[PDB]
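Any read-out appearing in this document is the output of simple, stated calculations on the displayed coordinates, not a laboratory observation. Methodologically, a virtual Cβ is constructed for each residue, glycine included, from the backbone with ideal geometry; neighbour enumeration extends over all protein chains shown.
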Amino acid sequence: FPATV
Amino acid sequence: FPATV
Amino acid sequence: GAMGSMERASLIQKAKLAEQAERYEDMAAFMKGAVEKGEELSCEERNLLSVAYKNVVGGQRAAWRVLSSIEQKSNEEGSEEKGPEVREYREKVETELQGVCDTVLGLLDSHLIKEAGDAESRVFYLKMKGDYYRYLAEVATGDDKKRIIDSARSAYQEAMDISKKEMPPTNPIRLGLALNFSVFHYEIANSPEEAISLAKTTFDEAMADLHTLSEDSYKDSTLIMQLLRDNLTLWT
Amino acid sequence: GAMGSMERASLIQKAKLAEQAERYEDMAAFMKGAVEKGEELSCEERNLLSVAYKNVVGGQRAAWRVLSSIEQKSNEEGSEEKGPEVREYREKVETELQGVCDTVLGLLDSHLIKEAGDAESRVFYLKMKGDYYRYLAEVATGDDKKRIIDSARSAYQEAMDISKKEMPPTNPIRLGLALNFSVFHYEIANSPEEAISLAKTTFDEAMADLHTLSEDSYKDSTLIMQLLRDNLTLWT
Ligand SMILES: C=CC(C)(C)OC[C@H]1O[C@H](O[C@@H]2C3=C([C@H](C)COC(C)=O)C[C@H](O)[C@]3(C)/C=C3/[C@@H](COC)CC[C@H]3[C@@H](C)[C@H]2O)[C@H](O)[C@@H](O)[C@@H]1O
Ligand SMILES: C=CC(C)(C)OC[C@H]1O[C@H](O[C@@H]2C3=C([C@H](C)COC(C)=O)C[C@H](O)[C@]3(C)/C=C3/[C@@H](COC)CC[C@H]3[C@@H](C)[C@H]2O)[C@H](O)[C@@H](O)[C@@H]1O
Ligand SMILES: [Mg+2]
Ligand SMILES: [Mg+2]
Ligand SMILES: [Mg+2]
Ligand SMILES: [Mg+2]
Ligand SMILES: [Mg+2]
Ligand SMILES: [Mg+2]
């Protein structure tokens with residue numbers, strides 16, 4: 001999965 | 001802490 | 001509310017204890033109680049709210065992904081029928097996840113967004129609104145998926161418009177909003193080109209504003225800039 | 001019971017899904033449901049039961065330790081008074097932990113221990129009984145601590161007596177029982193010499209029986225033997 005914050 | 005199982 | 005009898009300050013104190021103990025369900029419940037006192041949240045308090053629910057729903061999402069993968073394998077050619085249990089338990093986790101998302105969206109709608117006038121707080125809450133509609137979209141299948149996706153996009157877009165008008169390019173909230181909206185485009189909205197464009201433009205404009213960024217935000221903003229770079233490397 | 005309407009086989013299947021998803025609260029609830037069907041648990045099913053509750057209470061214990069440490073610091077000379085909140089929240093976690101321990105001890109008493117006749121199962125359940133009384137002892141302060149400690153010791157001792165009569169020294173359940181009873185002696189019963197003696201005797205007698213141990217149990221038993229060695233290194 002791509003990164004989120 | 002010491003190890004338990 | 002089960003927190004109705006507790007002092008606001010005590011709820012905030014206990015949310016910080018819960019964070020230290022990695023008790024994120026408790027942390028979220030304390031922060032929900034604090035929000036329901038009806039006063040605006042400070043900057044620090046907003047971060048407690050967001051971290052608590054991010055971690056609760058993050059664990060639900062991880063579990064949902066494990067179960068959905070098992071379910072999809074169970075529906076491949078040559079797979080043995082094992083009955084309704086995988087679907088049932090995936091549905092159980094999904095319904096719990098939806099419930100937490102609905103709870104957060106309800107707090108934002110009652111009444112955090114309406115009372116947030118400063119750019120920081122307004123963008124922060126609208127980003128959260130996009131995030132929790134995005135998590136609803138990840139599990140949506142029926143007649144609802146397109147409206148859920150549109151709700152996420154609408155919240156992210158309003159946040160974006162405010163952030164570009166009212167915040168410097170290196171503002172951590174602005175950066176994190178752009179990071180997550182770019183992921184929305186790539187993973188939810190079938191718009192990888194928009195995802196890549198947003199990540200690159202955001203990264204480049206922040207690079208050019210660093211000669212003014214604070215030592216306070218440096219680690220947050222450099223972290224997020226590195227996350228933008230990480231995603232671009234994954235995508236190109 | 002909320003699981004009363006679900007098939008036993010479905011509960012076991014869902015406990016295994018919950019394990020894969022690291023949803024240990026769900027896993028424990030499914031296994032409690034399975035136990036309450038009234039049939040004995042198989043070897044594999046016993047392991048699901050024990051892992052589920054070990055992980056639930058393990059997280060509670062970790063959180064309790066964080067909070068108790070904050071509380072003790074808050075009660076040192078020169079520390080600023082912050083009100084009842086740290087104690088309150090430590091008590092909240094403690095009461096939840098006690099509730100889970102009571103639930104497990106109730107399952108063991110109704111009716112897993114009474115129906116367990118084979119050495120494997122009887123020792124397994126009595127070890128669990130000692131473990132959950134040990135966790136109650138870790139948080140006990142009032143007029144109850146000594147009886148709780150005695151209950152843990154009594155359960156461990158009965159398990160020990162059966163294990164030495166009916167199991168080879170390398171049996172993983174025998175080894176794990178000895179590991180945990182040795183920790184009970186060191187950390188609960190103020191008997192470090194007994195703790196060290198038990199760990200060493202257990203390790204040495206297992207070493208001498210390895211020339212017969214299975215490739216099935218090798219990794220479990222070598223793991224536990226290494227844990228005995230680890231504790232001896234910590235203690236000497
Ligand atoms: C739970 C509260 C505790 C642990 C006390 O604080 C967490 C972090 O909050 C602050 O970071 C913020 C923050 C994070 C930083 C990127 C973490 O960067 C570092 C070096 O770690 C990750 C968290 O999800 C949080 C609260 C969330 C967001 C998004 C929230 O969108 C609704 C927008 C961007 C970013 C902003 C708000 C960051 O400013 C501090 O600046 C950090 O020091 C601190 O770790
Ligand atoms: C939840 C179930 C899953 C994941 C499927 O199985 C867990 C493990 O169960 C079996 O190990 C057992 C087992 C463990 C092994 C030491 C793990 O050793 C390895 C190499 O990992 C740790 C677990 O706490 C469990 C179930 C508990 C116990 C204690 C229970 O006291 C009430 C007594 C000793 C030991 C026995 C029962 C071990 O025999 C398999 O042999 C392993 O392969 C497998 O990992
Ligand atoms: Mg008040
Ligand atoms: Mg559903
Ligand atoms: Mg654009
Ligand atoms: Mg039946
Ligand atoms: Mg108490
Ligand atoms: Mg002896």
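Applying the Karplus relation 6.51 cos²θ - 1.76 cosθ + 1.60 with θ = phi - 60° to segment C:186-198 yields 3J(HN,Hα) values of 6, 9, 10, 9, 6, 9, x, 5, 5, 4, 5, 4, 5 Hz, where x marks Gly and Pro.
Quickly estimate the mean residue ellipticity at 222 nm for chain C, helices only: each DSSP H run with n ≥ 4 gives -39500 (n - 2.57), and the total goes over all residues, rounded to 500.
Calculated from helices alone, the mean residue ellipticity at 222 nm is -24500 deg cm²/dmol.
Rg and Dmax, both from the Cα atoms of segment C:62-113 and both in Å, are 15.6, 52. Evaluating 6.51 cos²θ - 1.76 cosθ + 1.60 at θ = phi - 60° for every residue in segment D:70-81, the Karplus couplings come out as 4, 4, 5, 5, 4, 10, 8, 5, x, 7, 7, 5 Hz, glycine and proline recorded as x.
Annotation for C:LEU234 and D:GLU80: the two label points, set 7 Å from Cα along the Cα-Cβ direction, are 4.1 nm apart.
With θ taken as phi - 60° and the Karplus curve 6.51 cos²θ - 1.76 cosθ + 1.60 applied, the whole-hertz 3J(HN,Hα) list for segment D:124-129 is 4, 5, 5, 4, 4, 4 Hz, x standing for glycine and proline. Under the criterion of Cα pairs below 8 Å and six or more residues apart, the relative contact order for chain C equals 12 percent.
Going by Cα centres, segment C:34-64 and segment D:49-120 are how many Å apart? So the separation of the two Cα centres works out to 25 Å. With its label point put 7 Å out from Cα toward Cβ, D:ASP150 sits 7.1 nm from the same residue's point in the other copies, in order from shortest.
Each other copy holds its own label point for D:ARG65; taking that point as 7 Å from Cα along Cα to Cβ, the gaps run 2.9 nm, nearest first. When chain C is turned onto chain D, the axis of that turn runs closest to one Cβ of chain C, and that residue with its distance in whole Å is C:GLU25, 5. In this structure, the residue pairs whose Cα-Cα separation is over 29 Å, taken from D:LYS92/D:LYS114; C:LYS219/D:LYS92; D:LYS114/D:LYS145, are D:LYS92/D:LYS114; C:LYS219/D:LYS92. Which log10 I(q)/I(0) values, to two decimals, does the protein assembly as shown give at q = 0.09, 0.10, 0.13 Å⁻¹ under the Debye formula with one point per Cα? Results for the protein assembly as shown at q = 0.09, 0.10, 0.13 Å⁻¹ read -0.79, -0.94, -1.25.
Remark: chain C is approximated by an ellipsoid whose semi-axes, taken from the C-alpha gyration tensor as √(5λ), come to 30, 26, 16 Å, largest first. Each Cα pair of segment D:1-58 feeds into the Kirkwood radius, which the Stokes-Einstein equation turns, at 10 °C and 1.306 mPa s, into a diffusion coefficient of 145 µm²/s. Starting from the label point of D:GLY106 at 7 Å along Cα→Cβ, the same points in the other copies fall at 2.8 nm, in ascending order.
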